[PDB]
Amino acid sequence: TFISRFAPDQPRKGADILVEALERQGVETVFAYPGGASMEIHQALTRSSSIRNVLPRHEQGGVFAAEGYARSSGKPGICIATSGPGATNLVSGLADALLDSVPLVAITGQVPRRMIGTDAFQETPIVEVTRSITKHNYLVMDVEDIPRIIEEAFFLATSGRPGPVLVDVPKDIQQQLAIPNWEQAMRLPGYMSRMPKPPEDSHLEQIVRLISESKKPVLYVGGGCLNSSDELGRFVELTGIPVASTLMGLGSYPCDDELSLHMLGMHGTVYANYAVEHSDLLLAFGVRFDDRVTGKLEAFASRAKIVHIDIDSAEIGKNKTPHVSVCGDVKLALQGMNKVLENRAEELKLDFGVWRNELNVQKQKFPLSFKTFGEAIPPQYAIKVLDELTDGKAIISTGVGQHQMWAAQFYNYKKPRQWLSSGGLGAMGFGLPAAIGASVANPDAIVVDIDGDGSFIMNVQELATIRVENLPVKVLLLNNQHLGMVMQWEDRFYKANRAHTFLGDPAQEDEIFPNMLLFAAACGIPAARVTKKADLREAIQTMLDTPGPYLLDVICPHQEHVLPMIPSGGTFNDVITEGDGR
Amino acid sequence: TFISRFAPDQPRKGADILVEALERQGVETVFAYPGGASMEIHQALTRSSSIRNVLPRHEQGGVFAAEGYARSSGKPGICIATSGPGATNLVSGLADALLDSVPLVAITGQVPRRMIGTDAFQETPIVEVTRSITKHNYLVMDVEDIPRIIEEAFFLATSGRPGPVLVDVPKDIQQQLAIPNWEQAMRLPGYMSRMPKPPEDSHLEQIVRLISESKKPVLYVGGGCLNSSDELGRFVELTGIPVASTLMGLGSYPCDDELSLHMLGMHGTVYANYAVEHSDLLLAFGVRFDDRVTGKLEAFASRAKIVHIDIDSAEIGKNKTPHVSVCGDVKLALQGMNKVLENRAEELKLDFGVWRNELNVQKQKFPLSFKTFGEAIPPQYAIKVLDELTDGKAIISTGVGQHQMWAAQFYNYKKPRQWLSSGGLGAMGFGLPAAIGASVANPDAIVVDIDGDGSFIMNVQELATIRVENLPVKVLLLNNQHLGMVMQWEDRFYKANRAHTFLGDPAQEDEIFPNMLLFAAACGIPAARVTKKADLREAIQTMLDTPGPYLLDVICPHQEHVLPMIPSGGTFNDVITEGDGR
Amino acid sequence: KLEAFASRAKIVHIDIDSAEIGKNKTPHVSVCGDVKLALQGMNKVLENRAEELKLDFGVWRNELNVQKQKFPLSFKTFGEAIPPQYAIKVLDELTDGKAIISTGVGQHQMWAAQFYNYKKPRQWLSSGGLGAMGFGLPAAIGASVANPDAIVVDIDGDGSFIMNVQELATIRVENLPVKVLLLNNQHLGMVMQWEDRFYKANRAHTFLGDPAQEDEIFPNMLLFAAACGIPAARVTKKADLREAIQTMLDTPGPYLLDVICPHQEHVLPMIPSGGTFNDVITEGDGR
Ligand SMILES: Cc1cc2nc3c(=O)[nH]c(=O)nc-3n(C[C@H](O)[C@H](O)[C@H](O)COP(=O)(O)OP(=O)(O)OC[C@H]3O[C@@H](n4cnc5c(N)ncnc54)[C@H](O)[C@@H]3O)c2cc1C
Ligand SMILES: Cc1cc2nc3c(=O)[nH]c(=O)nc-3n(C[C@H](O)[C@H](O)[C@H](O)COP(=O)(O)OP(=O)(O)OC[C@H]3O[C@@H](n4cnc5c(N)ncnc54)[C@H](O)[C@@H]3O)c2cc1C
Ligand SMILES: Cc1ncc(C[n+]2c([C@@](C)(O)OO)sc(CCOP(=O)(O)OP(=O)(O)O)c2C)c(N)n1
Ligand SMILES: Cc1ncc(C[n+]2c([C@@](C)(O)OO)sc(CCOP(=O)(O)OP(=O)(O)O)c2C)c(N)n1
Ligand SMILES: Cc1ncc(C[n+]2c([C@@](C)(O)OO)sc(CCOP(=O)(O)OP(=O)(O)O)c2C)c(N)n1
Ligand SMILES: COc1cc(C)nc(NC(=O)NS(=O)(=O)c2ccccc2OCCF)n1
Ligand SMILES: COc1cc(C)nc(NC(=O)NS(=O)(=O)c2ccccc2OCCF)n1
Ligand SMILES: [Mg+2]
Ligand SMILES: [Mg+2]
Ligand SMILES: [Mg+2]
Ligand SMILES: [Mg+2]
Ligand SMILES: [Mg+2]
Ligand SMILES: [Mg+2]
Ligand SMILES: [Mg+2]
């Protein structure tokens, strides 16, 4: 049973009830930054012997760290901020967690209840601000509600389609004395009654039947499969269907595998987008048919029967209309379909080697390619060397931009939750704090933040967090001195007319600005810069072998372009396969 | 007349119409950070020969810089961000501008109109998110509306009670060709019909009459008086009434003046709070009776006739019920009352020298005081030396915390808009970006960011902005290695139990962590650290005399406390005048 | 027009809702609180400091009483047609001003406000802010249940009365002594008046009768009362009005009196919307 630090008849502060509510959820780590409206919560945290606090240097760092914790572990991430300016600094993280379906519980202090609505000191209506960028939120109006609301928040954040839940706690409720009741029933009758049931054998056998009748099936795998790598891998054994993955699904099926078509979509491989373009059966498991993937919807999988299995009924038929649909956990659907495939194996005689051979011809004519100019370091090459020296077992977090795409293309993720990247919102500054959360959740792992120079500086203050918490976070900084992805679009569509994409100092144009090594130096983090491709392998090896945190500044020619590229709203026939800024 | 870069019959992109709309408003500076949804706006900016863009390193830096620009100049600040994660990074600045009544126009790119509502790439419903933390906002749904909406946004941001206005612009509207109509009438019939009229002589003479009937009048001056320093000063000549100022009103009446009671409220001077406590006439000009100032409302000015002049009818009677009220521009009310006072001067025979003498006794028994321990640098002393070496003529911006209060107490601001500080929301990380905006708006001024070590690191990335834009921003960093204000409350109310307020490295407890000098070094900004009080004067002098940016790391004992302190919700009889963390 | 309203007065506003103080008109002095307490406090001050104050406004009162004699509320009597103003005055007399009055919305509402002398508050039940037709009959039902011994009269218009005529069944079944004084002008009277003043008497769907039988009272409200077992009568000649109202009052239980009135009557005086005192209309009708 659970052991409380208080007697069952002993009144204690609401802040102490809230912390014990976290303890009763199995919480061991929080990311909490103190302020006036949350001082009581922070005092109660020091009284907890089972919950560790990682103090960020910015609440956006706190929420992004909670995301990295969640994405790398499957557990909910918990961040805590004070009222007013603390709460508003969470907003980008809440939106990011909602768009990527990341389970997250955010607790904000609030001004006393009687002060609400009066423009009080450090008051913002955070429940109103965040209603459209959270899965649910609460304003606690009585200390007796703390056990129930915390329980509901964790249940909502982690069940169904996961997402962020914000709990706003007025300071007077934190100080009120009460005796908690941990037996209160949750008040989610509508939500709980609309929870998907395990899929029926009726629907599952229709799918297995559709597979046997098809000649060109393609698996279309996304973020919803992160807990189904075993079931999915078994499914691929029994069917031999090639696997195309989204940015969010990377690693659900191993990238180094022969049946892997790698990533599809705007910057997906030519052969992955080819497969979807010419398929007759599209198995869309745990995906939401977003515009980065589909392009022009009418042309996406235009001659395929579309099977869509999603745990969110609101996603089924939202953009692309499926032929067959299953609303439920893809993990269960895979388990059920795997049994059918095992028994009726010899009756089905599944063989797609002719389709696979057609795709492997595309895989040989159009592989992912990069150019090497003299001794300049290709960013693609740097990530490939990191893959080798870490044996593809590192947890990878990124910023947003060209380096993000290259980290997606040129690292072979073997398991899900190695890949931590902001996909739906695409928020710069995510990589460094996310690596902080992933390292705390996986203390023995290799954690590398593959960051861009614009993204890295946005939350550079979290270097102090990495040092103080003694986290072995590695930073592989692909430094092209530009806002690279926006620069690439300037080259393609605006005649290379630069509009504020250069991040260096124009007074000293040929100097690396700023000097990221001194940012690491300021926080006592060893660092180095590498410029010549000949030095890169030993440089990365040094970063990995040096215990504790390390920053490697990898200088790269800025004229590189992420390829291939299907322009926004385009079709497969519009794919760009050559060119850069030279 | 205005000269357009386009022919009156020449169609141009909506992005070009939007930039010309800014030009037609007199905009010369914007703070714009590019992204996909705003690329068209940034391209159109490069075509403008009269608008400069200051590229921040974080959109929170962009909005805070726009605030500093506005607060230091009286002109609206303009920041521009892309959709999704760019827009959400503005949120703290919007809330901060609304709570402090700062005029501000924020432009966000948005996904194409047809994509809105579909969870598109980098889409957040920013108009929904910001509705409660902006004065007004817009979603442009037609390119023909751009002239009218921009005009309305600037009008709303700058008229009445100033505040932020957000304008959300879908990317397809930015690309659409049209011929603008600059003659469209605004659609603000309700707002414009409820605008306060110039105050009637009826109301103004009743006030002058109430002054002559009073023995203990106190002026209570706040942020609403920032454009009335001349009228207010003339008013004080004619009446001899002593002036108590809020945090937002500092400098409206000169601090070095003999009639100045300095700041009132929670950390106000004993004599300012004494005056309000025992006054019989309280002239509340441009104030909102916030809880930091009043304490327990029933006890605040409990035996005074309260005259409240506010331009926002919703503020009059919101917390404290006045006897007399004037809803209008305090600038006009002062002008009208000054005429009455000039004519009826000898008939009034105003003399409050007996009340003034009673207050000057309190001013001598309870002045602002600090202690000097050995050679340790008192933060109060450092600010006083900065006052002297700059002759009280520097523009000062701050973070939030103890250093903020000390910068309010120990610098004698001579004019309004020298003092740039986040008062209502109290957002850390404001000081450095605000100094950026103030320097761009006042190129010849001395600009000093008096920052705390927690506040300074939150937006340390803007050091790159200061270097690249070659701005002579000085940073006076009061480094106590703690979240000082929260530490002080731990000492007073939680038995000095530290709950995550220490910002240094516990592994090397007696080392200054992090090393802010290397943060400045990374961005090519000269820096120095001073530890001994004997070295402080020359150190500050060096910072001032060295051309361009400069960071001075001033080490201070952390056990200092901001005094005096009326505890939250307390009365004058609860004021704390002694003690610290020693 | 707000700028012209009390344009040379010091304005004291006592309201229990702080959001109302200074919302439209900016006061000089304000008290946010219960006006009952403010009156009690001010009454004590006035009692004690009575002889020190020497309050006398008889000169101002005399100036107003001159206006009260030159411009009283007036109505015209045409032959034997029943003036609605007269009907309400007769109801006042026969009930001694002690009846609870509820109304619909329109001309009859204004006349019930002008020509009945309410002696106590909560005798007057009328929809003022929203001005919802169909209020009078159900409101009378609630007032009678709350005041079983009172005289309750619904002074209703023919448009307003028919909107919730179904509550006649409620009045019968609950055996409530609700009286209905129906001022029947066969029109949506208040909208008709504005058509006369501002739209050249161009009728736009304000006639409530049957155009096929133009000179017939339509509908027959007496049969509505008959359907619900409620005694009823119609009066057309001013000579018959007093006995008709007396019958309604003396007959125990519910009763409907259909009072036919010339439709060309206008509510006077009238300050046009957004106007000033100098714009007041004091004469004219639809004739
Ligand atoms: C610069 C940039 C470029 C990008 N370009 C690309 C690109 O070329 N290709 C690409 O793929 N992405 C790209 N993206 C990422 C992108 O915008 C989206 O994040 C991604 O494409 C959508 O991932 P998803 O389809 O797997 O759905 P997710 O966002 O991962 O959501 C999971 C889906 O599965 C469902 N689900 C969740 N759990 C379960 C369960 N247990 N059972 C069943 N269903 C479940 C959810 O309801 C939801 O519909 C890019 C991002 C950036 C920032
Ligand atoms: C850590 C911390 C401690 C603080 N402690 C104190 C403290 O001890 N003392 C203190 O004073 N503050 C303190 N504050 C600041 C504080 O919370 C408020 O920002 C400040 O007290 C309110 O300023 P104000 O009363 O002048 O109203 P403002 O926020 O400045 O608003 C201006 C007011 O005047 C009106 N107005 C605007 N323009 C006009 C015009 N042309 N004519 C007429 N009216 C106009 C507006 O409607 C509004 O009502 C502290 C802040 C922090 C962060
Ligand atoms: C908070 C935030 N602000 C602005 C953004 C708009 N974007 C991008 C995009 C694609 O989302 O535009 O739609 S990518 C990008 C530039 C990335 O600079 P880098 O870190 O150096 O990486 P690289 O390897 O050089 O490319 C910007 C400015 C963003 N997403 N987040
Ligand atoms: C975005 C943000 N996050 C947290 C905040 C909560 N607060 C404070 C308060 C008073 O608003 O609490 O109500 S002040 C403060 C600590 C200030 O650290 P320093 O910069 O070093 O300055 P010092 O001279 O040492 O005191 C915190 C943590 C805040 N306002 N903004
Ligand atoms: C639900 C409802 N619908 C329509 C209304 C619009 N109005 C009116 C007004 C003033 O509110 O117009 O602004 S008054 C009126 C006509 C009243 O018909 P009567 O009952 O016969 O009374 P009378 O003695 O003849 O005048 C209408 C149609 C209304 N208020 N409520
Ligand atoms: C410089 O002022 C500080 C500083 C610190 C460190 N803490 C607080 N704490 C409170 O003021 N607590 S409060 O009485 O419940 C309160 C009353 C009214 C409005 C808000 C409010 O809380 C806001 C949270 F700060 N104030
Ligand atoms: C990596 O993808 C990138 C990168 C860059 C630099 N720019 C863009 N631009 C667009 O995609 N423009 S869009 O066709 O109108 C569009 C269509 C659908 C959804 C959103 C949307 O715009 C979002 C703003 F980016 N995309
Ligand atoms: Mg190579
Ligand atoms: Mg870059
Ligand atoms: Mg008076
Ligand atoms: Mg000294
Ligand atoms: Mg500090
Ligand atoms: Mg008569
Ligand atoms: Mg009628």
Side-chain angles (χ1 to χ4, degrees), chain A residues 32 34-36 39 42-43 45-46 53 55 57-58 84-85 88-89 91-92 95-96 99 115 118-122 124-125 128-129 132-133 288 290-292 319 424-428 457-458 460-461 464 467-468 483 486 489 494 497 499-501 505-506 514-516 518-519 521-524, chain B residues 32 34-36 39 42-43 45-46 53 55 57-58 84-85 88-89 91-92 95-96 99 115 118-122 124-125 128-129 132-133 288 290-292 319 424-428 457-458 460-461 464 467-468 483 486 489 494 497 499-501 505-506 514-516 518-519 521-524:
Chain A
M39 287 192 63
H42 279 263
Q43 290 290 318
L45 282 178
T46 68
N53 180 39
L55 168 67
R57 267 53 184 174
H58 194 301
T88 54
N89 279 344
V91 156
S92 290
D96 190 48
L99 277 168
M115 305 296 306
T118 74
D119 303 291
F121 182 54
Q122 304 198 307
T124 50
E128 192 71 49
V129 166
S132 72
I133 52 168
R288 60 185 181 91
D290 100 293
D291 63 76
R292 296 302 101 166
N319 300 331
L425 186 67
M428 297 170 61
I457 205 183
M458 274 200 177
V460 69
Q461 78 282 344
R467 176 77 280 164
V468 162
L483 297 173
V486 183
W489 278 59
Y494 300 97
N497 182 62
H500 320 108
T501 49
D505 186 354
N515 186 342
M516 304 301 188
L518 298 180
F519 282 116
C523 298
Chain B
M39 287 192 63
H42 279 263
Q43 290 290 318
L45 282 178
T46 68
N53 180 39
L55 168 67
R57 267 53 184 174
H58 194 301
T88 54
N89 279 344
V91 156
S92 290
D96 190 48
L99 277 168
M115 305 296 306
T118 74
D119 303 291
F121 182 54
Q122 304 198 307
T124 50
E128 192 71 49
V129 166
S132 72
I133 52 168
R288 60 185 181 91
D290 100 293
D291 63 76
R292 296 302 101 166
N319 300 331
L425 186 67
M428 297 170 61
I457 205 183
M458 274 200 177
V460 69
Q461 78 282 344
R467 176 77 280 164
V468 162
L483 297 173
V486 183
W489 278 59
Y494 300 97
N497 182 62
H500 320 108
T501 49
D505 186 354
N515 186 342
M516 304 301 188
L518 298 180
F519 282 116
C523 298

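Proteins come first, then strands; the chains are lettered A, B, ... in the order of their sequence lines, and each starts at number 1.
To the nearest 0.5 Å, the span separating CG on A:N89 from CE on B:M458 amounts to 6.5 Å. Atoms CZ and CG, on B:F121 and A:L99 in that order, are 10.5 Å from each other to the nearest 0.5 Å. Distance CD/A:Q461 to CZ/B:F519: 8.5 Å, rounded to 0.5 Å. Here A:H500 contributes atom NE2 and B:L45 contributes atom CG; the two are 6.0 Å apart, rounded to the nearest 0.5 Å.
Side-chain N or O atoms of A:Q122 include one that pairs as donor or acceptor with a backbone N or O of B:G426 at under 3.5 Å. The backbone N or O of B:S132 sits nowhere less than 3.5 Å from a side-chain atom of A:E128 that would complete a donor-acceptor pair.
Chosen from B:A427, B:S92, B:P514, the residue pairing most often with chain A at heavy-atom distances under 4.5 Å is B:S92. Counting heavy-atom pairs closer than 4.5 Å to chain A, the top residue among B:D505, B:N319, B:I457, B:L55 is B:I457. Here A:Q43 is the residue among A:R467, A:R57, A:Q43 with the most heavy-atom pairs under 4.5 Å with chain B. By number of non-hydrogen pairs under 4.5 angstrom with chain A, the leading residue of B:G84, B:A32, B:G424 is B:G424. Here A:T88 is the residue among A:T88, A:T46, A:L483 with the most heavy-atom pairs under 4.5 Å with chain B. In terms of heavy-atom pairs under 4.5 angstrom with chain A, the leader among B:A522, B:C523, B:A499 is B:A522. Between chain B and the options A:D96, A:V486, A:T118, A:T501, heavy-atom pairs under 4.5 Å are most frequent for A:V486. The residue among A:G524, A:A95, A:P125, A:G35 with the most heavy atom pairs within less than 4.5 Å of chain B is A:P125. Here A:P85 is the residue among A:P85, A:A120, A:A464 with the most heavy-atom pairs under 4.5 Å with chain B.
Looking at B:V460, the atoms closer than 4.5 Å to chain A (heavy atoms on both sides) all sit in the side chain, from C-beta outward. For B:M516, no part sits under 4.5 Å from any heavy atom of chain A, backbone or side chain. In this structure, the portion of B:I133 lying under 4.5 Å from any heavy atom of chain A is its side chain and not its backbone. Contact of B:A521 with chain A is made through backbone and side chain together, with heavy-atom distances under 4.5 Å. For B:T124, the part sitting under 4.5 Å from any heavy atom of chain A is the side chain, from C-beta outward, and nothing else. In this structure, the portion of B:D291 lying under 4.5 Å from any heavy atom of chain A is its side chain and not its backbone. Both the backbone and the side chain of A:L425 have a heavy atom closer than 4.5 Å to some heavy atom of chain B.
When the side chain to side chain contact (heavy atoms under 4.5 Å, CB included) test is applied to B:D290, the partners found at least two apart in sequence or on another chain are B:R288, B:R292, B:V293. For B:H58, the ring pair (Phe, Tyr, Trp, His ring centres under 6.0 Å) criterion is met by no residue, not counting sequence neighbours.
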